[PDB]
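A closer look at the structure
Each chain, written out:
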Amino acid sequence: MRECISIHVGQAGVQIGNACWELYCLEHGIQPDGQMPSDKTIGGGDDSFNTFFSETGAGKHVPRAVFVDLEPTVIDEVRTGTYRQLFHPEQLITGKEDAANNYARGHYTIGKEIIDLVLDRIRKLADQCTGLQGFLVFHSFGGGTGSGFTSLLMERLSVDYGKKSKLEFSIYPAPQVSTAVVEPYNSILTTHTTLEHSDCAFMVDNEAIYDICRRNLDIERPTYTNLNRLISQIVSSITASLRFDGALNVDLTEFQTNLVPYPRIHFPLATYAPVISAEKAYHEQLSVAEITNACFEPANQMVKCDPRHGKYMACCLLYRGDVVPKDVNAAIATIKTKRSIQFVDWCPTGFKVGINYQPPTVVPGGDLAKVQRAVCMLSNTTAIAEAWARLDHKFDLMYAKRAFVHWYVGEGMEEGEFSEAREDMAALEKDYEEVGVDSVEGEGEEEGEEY
Amino acid sequence: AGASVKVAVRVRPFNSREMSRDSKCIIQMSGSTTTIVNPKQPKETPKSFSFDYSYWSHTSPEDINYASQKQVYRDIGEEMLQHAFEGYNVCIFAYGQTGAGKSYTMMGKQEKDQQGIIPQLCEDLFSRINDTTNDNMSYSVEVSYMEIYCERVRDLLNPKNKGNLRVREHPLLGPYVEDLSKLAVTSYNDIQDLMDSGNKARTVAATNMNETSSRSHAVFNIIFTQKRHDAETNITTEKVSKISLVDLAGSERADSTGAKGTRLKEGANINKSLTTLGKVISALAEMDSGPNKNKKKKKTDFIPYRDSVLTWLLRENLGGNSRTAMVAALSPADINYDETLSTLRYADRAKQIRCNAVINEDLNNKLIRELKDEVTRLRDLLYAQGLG
Amino acid sequence: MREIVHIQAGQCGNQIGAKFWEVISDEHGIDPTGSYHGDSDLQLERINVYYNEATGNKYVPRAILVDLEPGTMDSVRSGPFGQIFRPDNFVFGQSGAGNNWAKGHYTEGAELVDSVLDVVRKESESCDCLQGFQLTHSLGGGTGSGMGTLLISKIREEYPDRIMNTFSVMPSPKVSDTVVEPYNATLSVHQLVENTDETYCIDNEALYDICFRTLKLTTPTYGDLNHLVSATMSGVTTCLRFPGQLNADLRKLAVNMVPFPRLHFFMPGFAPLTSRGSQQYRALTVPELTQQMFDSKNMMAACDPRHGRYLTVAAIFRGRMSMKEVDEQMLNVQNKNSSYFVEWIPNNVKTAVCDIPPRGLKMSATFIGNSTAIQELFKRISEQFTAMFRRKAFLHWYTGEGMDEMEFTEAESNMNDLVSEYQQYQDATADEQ
Ligand SMILES: CC(=O)O[C@H]1C(=O)[C@@]2(C)[C@H]([C@H](OC(=O)c3ccccc3)[C@]3(O)C[C@H](OC(=O)[C@H](O)[C@@H](NC(=O)c4ccccc4)c4ccccc4)C(C)=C1C3(C)C)[C@]1(OC(C)=O)CO[C@@H]1C[C@@H]2O
Ligand SMILES: Nc1nc2c(ncn2[C@@H]2O[C@H](COP(=O)(O)OP(=O)(O)OP(=O)(O)O)[C@@H](O)[C@H]2O)c(=O)[nH]1
Ligand SMILES: Nc1ncnc2c1ncn2[C@@H]1O[C@H](COP(=O)(O)OP(=O)(O)NP(=O)(O)O)[C@@H](O)[C@H]1O
Ligand SMILES: Nc1nc2c(ncn2[C@@H]2O[C@H](COP(=O)(O)OP(=O)(O)O)[C@@H](O)[C@H]2O)c(=O)[nH]1
Ligand SMILES: [Mg+2]
């Protein structure tokens, strides 16, 4: 019983959760109403897996989800939408104003009086669960409730549960594109919480997803639906190990063991190789070598950073479909023979491999092509610091003149929090710079035999 | 002329509760640098700051580098009284969270051997005058005392119904408050009595830290005026200056005090006022910098004075040909560590000078290095002289 | 559940409010009798934002109509949507202020303010979660400006933590319907700069220019001006009522657009705007909306943004659209006009998209801009003010009601200080020697 709890916070998290739960319902054959005609037609089975859905006596299946947001509108859409019967009636909506792109408002002022109700349901689910594997928290940087409320919730979860893995999926501000003025303040402020309490944080950038949609998928005008579907496919590939059989199955604990050399460098990038339209699905082989090579291309990265400017600390490939270990071994060797891909000398192995038989599913009305093979790559590298550096720059340009600070300090914070957050981020960047340094130049003291 | 800032940070001894408890000190200070260690992170690397004055009143019977009350007075208050006698405004800001030492700094104790800034200032003011009192030198001193709570002004001395007073801007005399009680004083005893009566009326609240905490900035204005009789038939006012003594409330965090409703509103207003004031004082010091650096720039810029009523009323004292000082209180107890750090972050303002790296080599390693260097030097001397 | 209380003071405020309520009733499909005769289900999903429910499935707007002259009240009640309003909310007196701010604020309004605040408090106590207020009025007039500022001060005293919005019509350079516009506008700005979270800045000049050069109306009237103001007033709060991909509350706009407390004067704008016969010659796309939004002539404040720099801007789009197009177009606007945007803000374009367009359009957009060029407007008033105050041109009427010259000096000084906090953050920075 490999059971995980999916928490969604903020508008971005809620829409991502909508896309993800559509994908899981399609994968497991559960209809929107919540029932399962597959078991009735066949006679029975384990397809109503405990990993995401809990079964009741009437044959209904409810997701192990906790949707949270301060705006009534975003989830009032869900209550009146197609999947109204899928979820529990409780949806944890504050009938009040939003956090207003204010970390202080979402953390100190309005985040209270809801954190209790939220934590109580996060229990009624954990107690119902047995052999809990971990939490998957979806949110976005730069938002009020997406920064403050997530910080408070992660703090309380660390206090209460502690040892359970807490994977984080989040959207970072882009270098050029933005949809709010105070994004750097919120993003820098929440850095302490996502550094201290989260066990592994997967980060995505909207500009990279837009570029992938434009180039690979030939979608000239993407919207949030396509990006959410891509992120949903990523999460499905991540969690497919603990649902379906496979030659090599990778649990969350093995992700933490392999992708986290030290506690404070738990910020890996992600990517999906066979992002390709139906028209371009032909004229291509989509072999294991091709997808493995495509995973490492700088253009296909989901965060606007260049891996060639840094060194790879660790990599983890999760293959789905008709894959046999000879081709993944050959592809790994081929990648190791390339010069552009630099690895840290202190990680000679440098690869984790997992294979699963279940191929990816296609969402009706989607844009991804049906394929026989796929791979999702996670990559802990030192290039991410570059992105952080850009963000840091923006913060100074807004903190030299104390602009937009009276809104934050009027809800409970002081300038000391800003200074502490900036210093913590600088320390994290320094650690990333240090760990990427080569090992001590061969300490060849040239001792001649006995001292 | 402009207006410079004298930043002084002082550390107090333990109290009965701290002495009875086995808490450790966390603030080291030397020269013009103050270092703080995290009790929870024994290896967090110490954090340093640097100010204009660094006062070690931690050890009461100390005789070496002890920050006596009279020493601090000679550093700040004597110079400010001299500047006031010259006919220019002088402002003294007090800062510190409850349990830090602000009240001691601004009032002192009753034995009169360790006096606060105000008692010494009043005594020297009355003395200097009683001496200069000739035939052509008339002097007048008046006192007012007000509070600022939630950006509304209130009179402390008057026992009338404590309503909100209006703030006006006289075209020549600048900002002022209407219907503010103004009284003349004759000796330091009258000033102390008026201060006690006003302080009994201050808005005080109970928090998770202490049952009595200040919820509102306060301003005790001393107005001093000199009339001269030259070798003529006319007696003319020479100059008028003001000695402003303010009790800025301390900053806080909602985590430290989780009270809802009125307490959160008061904390938000206090934080807004303190942020604005910090902006004004640092910006006013920016003038010094720029000016001295080049030699002329003209452009008066625009120093934000209207962003808060506290900075608006203190406009005349803060700006122009005047002087300002800032005394911050520090608590030595380990348990209050973060709060002390916060005060340091507030004490780092008004200049933000560079404290540089702070670290000391191990004494054993220092001895090893010195011994190795000495051995090398002596061996080189012996080999050069041919005796080794 | 967010919801707003609406107030309208003076003749201009009442006219714009009547047009605004007509527009909102059409948007939500509310009959003049108060019944609902719409089609879409989403219209009732957030009807409480502007209306209260009655017994017979009737919806009463949350309006509070105030004025010292009963003629405007009679005109409003004898109109297309006169019967929609609650009769008890028609608070009014007699013996109008007479284009005298002193009468509106100190002598005549001081008596009606008690009843007005009583009705406001009654409407506020029944609220589920009160977000903020909206006051429509004109500054250059009499009872409007005075009573509006007095009500603003009183409500901010009573409700400090609620958002405040004001849609003010100021004097203009050439068109000027009243002699004593400078004094009234100066005192009104003195109150507004202290007691308001957001102020929207409109004048008759820019509306006339929009009507003549863009809409090509031969004989525009006040109905069209109020129509444009209603369009932007609906666009500003569109996100409170209908769902969208990226929502924008009023507080979100306040946080993003107000870098410092005193700089909260905004220049509005609306797109698209076409002159009937030209409608078939244009393609409605996101680049076209952005181009018309950032066009200088489309601004409603009669201040050229090219004579200054944008501290912040906000784009509230409505309709089905692609987020990539919006982000790319705003980034292109920021990059191309690099010298017209303040440089110490890395990105100064707030964006939000609602999926429900207006009733008769496939797409629409509302532009808001906080820029330095607005100073110019204040400077103009200041000049006229001193031109009338040096000789005390029309001061005896004001002093007869109990005011003094020191208040005028205070107001002039406050406006002068505001003009500076806008230049400081303008002219590109530089080095010295
Ligand atoms: C039928 C058609 O395609 O023609 C259009 C039209 O020609 C144009 C020119 C319309 C037209 O507007 C004007 O001519 C006009 C004149 C003076 C002042 C303001 C507008 C139109 O009248 C206006 C009308 O607009 C609406 O229906 C909107 O929903 C609008 N409605 C009202 O304001 C309204 C009017 C009366 C009673 C109740 C509501 C709206 C806009 C924003 C928010 C809510 C509602 C439309 C579709 C048209 C005509 C009919 C010609 C425009 O209308 C707006 C501002 O939406 C003016 O530029 C736009 C763009 C349109 O292309
Ligand atoms: N990929 C993706 N990003 C989204 C989506 N919706 C919002 N975002 C991102 O969210 C950021 C804005 O912060 P949000 O998290 O949406 O703010 P919020 O969740 O509404 O919380 P509040 O700001 O307090 O109301 C933007 O930069 C968007 O890029 C979405 O549907 N898909
Ligand atoms: N230099 C010093 N020597 C001895 N005791 C000191 C010294 N400085 C401060 N104190 C002690 O500090 C206490 C009074 O100050 P304290 O009450 O801590 O400040 P506070 O009033 O709580 N802060 P605030 O309320 O914001 O003004 C007394 O116990 C004094 O003995
Ligand atoms: N947009 C618009 N402005 C108006 C209208 N009527 C008057 N005004 C403006 O309002 C100003 C006069 O203010 P007024 O309404 O008389 O103030 P009041 O008498 O106190 O209510 C003039 O300068 C006009 O420009 C109108 O119907 N529409
Ligand atoms: Mg939100």
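Each value, and the rule that gives it
Residues numbered from 1 in each chain as written, not as in the entry; some residues may be left out. Chains lettered and ligands numbered in written order. Part of a larger assembly, values for the part shown. Heavy atoms only, no water. UniProt positions renumbered as here; feature names shortened; annotations may be inferred. Helix = DSSP H or I, 4+ residues; strand = E, 2+ residues; numbered from the N terminus. Buried < 20%, exposed > 50% of the residue type's maximum accessible area, 1.4 Å probe, protein only. Contact = heavy atoms within 4.5 Å. Pairing = 2+ DSSP bridges. Axes fitted to C-alpha atoms, helices over the stretch in contact; angles between N-to-C directions. Core = buried A, V, L, I, M, F, W, Y, C linked by side-chain atoms within 4.5 Å. Donors = N, O, S within 2.8 Å, 3.2 Å for Na, K, Ca; no water. Right-handed = clockwise from strand over helix to strand, strands pointing away. Near = heavy atom within 4 Å. Polar contact = N/O pair within 3.5 Å; in protein donor to acceptor, adjacent residues only side chain to side chain. Areas by Shrake-Rupley, 256 points an atom, 1.4 Å probe, with all protein chains shown as cover. Disulfide = S-S within 2.5 Å. Buried area = accessible area lost by both parts, 1.4 Å probe. Salt bridge = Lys/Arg side-chain N within 4 Å of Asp/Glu carboxyl O. Nonpolar A, V, L, I, M, F, W, Y, C, P; charged D, E, K, R; others polar.

This entry lists cryo-EM as its structure determination method and reports a resolution of 3.30 Å.

1. Thoughts on the UniProt feature "active site" in chain A
Residue and element names in this part refer to chain A. The residues that UniProt annotates with the feature "active site" are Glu254. Within the element layout of this structure, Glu254 appears in helix 11 (residues 252–259). With relative accessibility at 33%, the residue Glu254 sits in the partly exposed group. Those residues in contact with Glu254 that lie beyond four places of it in its chain are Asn249 and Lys352.

2. Re the sheet that holds strand 7 (residues 163–170) of chain C
Sheets are built from strands paired through backbone hydrogen bonds, the pairs being either parallel or antiparallel. Residues and elements named next belong to chain C. Read from one edge to the other, the open sheet built from ten strands follows the order 5-4-1-6-7-8-9-12-10-11, with strand pairing classed as mixed. Edge positions in the open sheet fall to strand 5 (90–92) and strand 11 (349–354), since each of these has one partner strand only. Put simply, the sheet's adjacent strands are angled 20 degrees from each other on average, direction ignored. As paired strands, strand 9 (residues 265–271) and strand 12 (residues 363–371) are joined by five bridges and run antiparallel to one another. Within strand 12, the position partnered with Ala271 by the bridge is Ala365.

3. Re the nonpolar core
The tendency in soluble globular proteins is for nonpolar side chains to be buried as a group. Among the nonpolar cores identified, the biggest contains 192 residues, and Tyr185 of chain A together with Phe317 of chain C are the most heavily contacted of them. Those residues in contact with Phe317 of chain C, other than ones at most four positions away along the chain, are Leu289, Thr290, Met293, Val326, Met330, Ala352, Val353, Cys354, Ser364 and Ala365 of chain C. Ranked by size, the runner-up nonpolar core spans 49 residues in total, among them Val9, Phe93, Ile148 and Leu165 of chain B.

4. Describing the coordination of the magnesium ion (ligand 5)
Note on the magnesium ion (ligand 5): its protein donors are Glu71 of chain A (OE) and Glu71 of chain A (OE). The metal-donor distances range over 2.1 to 2.7 Å. Mapped onto the elements, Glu71 of chain A comes out in the loop between strand 4 (65–68) and helix 3 (72–79).

5. Thoughts on the pairing of strand 11 of chain C
All names here are of chain C. Burial within strand 11 is extensive, with six of its six residues counted as buried. Alternating residues of strand 11 divide into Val349, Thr351 and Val353 and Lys350, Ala352 and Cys354, and every residue in both groups is buried. Here strand 10 (residues 310–319) pairs with strand 11 via six bridges, running parallel. Paired with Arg318 across the bridge in strand 11 is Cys354. Crossover strand 10 to strand 11 through helix 12 (residues 323–336) is right-handed.

6. Focus on the site of ligand 3
All names here are of chain B. Close to ligand 3 lie 14 residues, the nearest being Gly96, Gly99, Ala100, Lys102 and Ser103. Residue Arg10 places a side-chain N or O atom 3.3 Å away from a nitrogen atom belonging to ligand 3. At 3.5 Å, a side-chain N or O of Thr98 approaches an oxygen atom of ligand 3. When the free accessible area of ligand 3 is taken as 630 Å², the share hidden by the protein chains comes to 75%. Broken down by element, the shell around ligand 3 gets its largest block of residues, three residues, from helix 4 (residues 102–107).

7. Describing the state of the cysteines
On inspection of all chains with the given rule, the structure shows zero disulfides over all chains. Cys316 of chain A provides the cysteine sulfur closest to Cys200 of chain A, a residue in no disulfide bond, and the two sulfurs are 9.8 Å apart. Residue class for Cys200 of chain A comes out buried when judged on its relative accessible area of 2%. Not part of a disulfide, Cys122 of chain B finds its nearest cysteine sulfur in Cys91 of chain B, a span of 15 Å. Look at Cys122 of chain B and you get buried, because its relative accessible area is 2%.

8. Looking at the interface of chain A and chain C
You'll often see interface size given as the accessible area lost when the parts meet. Taken together, the 39 residues of chain A in the interface contact 42 residues of chain C. Between chain A and chain C lies a buried interface of about 3,700 Å² when both sides are counted; carbon and sulfur atoms form 57% of it. Where chain A meets chain C, there are four salt bridges. A salt bridge links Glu97 of chain A to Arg162 of chain C, with the shortest nitrogen-to-oxygen separation between them at 3.7 Å. Viewed at the interface, chain C and chain A are joined by eleven residue pairs in polar contact.

9. Describing the interface of chain A and chain B
On the side of chain B, 15 residues touch chain A, which itself brings 18 residues to the contact. Applying the counting criterion to the chain A and chain B interface returns two salt bridges. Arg253 of chain B serves as the salt-bridge partner of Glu414 of chain A, at 3.2 Å between the closest nitrogen and oxygen. In this assembly, chain A and chain B are joined by three residue pairs in polar contact. In terms of residues, the side of chain A that touches chain B owes the most to one element, helix 17 (residues 415–435) of chain A, which gives six residues. The residue makeup of the side of chain A that touches chain B, split by class, is four nonpolar, six polar and eight charged.

10. Overview of the side chain of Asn298 of chain C
Residues and elements named next belong to chain C. With respect to the helices, strands and loops of the structure, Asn298 is situated in the loop between helix 11 (286–293) and strand 10. Residue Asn298 is classed as buried on the basis of its relative accessible area, which comes to 3%. Within the structure, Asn298 has its side chain in polar contact with the backbone oxygen of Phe270 (distance 2.9 Å). Apart from the residues lying within four places of it in its own chain, the contact partners of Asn298 are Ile210, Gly269, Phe270, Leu273 and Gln292.

11. Details of the environment of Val137 of chain A
Residues and elements named next belong to chain A. Checked against the element boundaries, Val137 lands in strand 5 (residues 132–138). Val137 gets classed as buried once you look at its relative accessible area, which sits at 2%. Sequence separation between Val137 and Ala201 is 64 residues; the distance between their C-alpha atoms is 9.3 Å.

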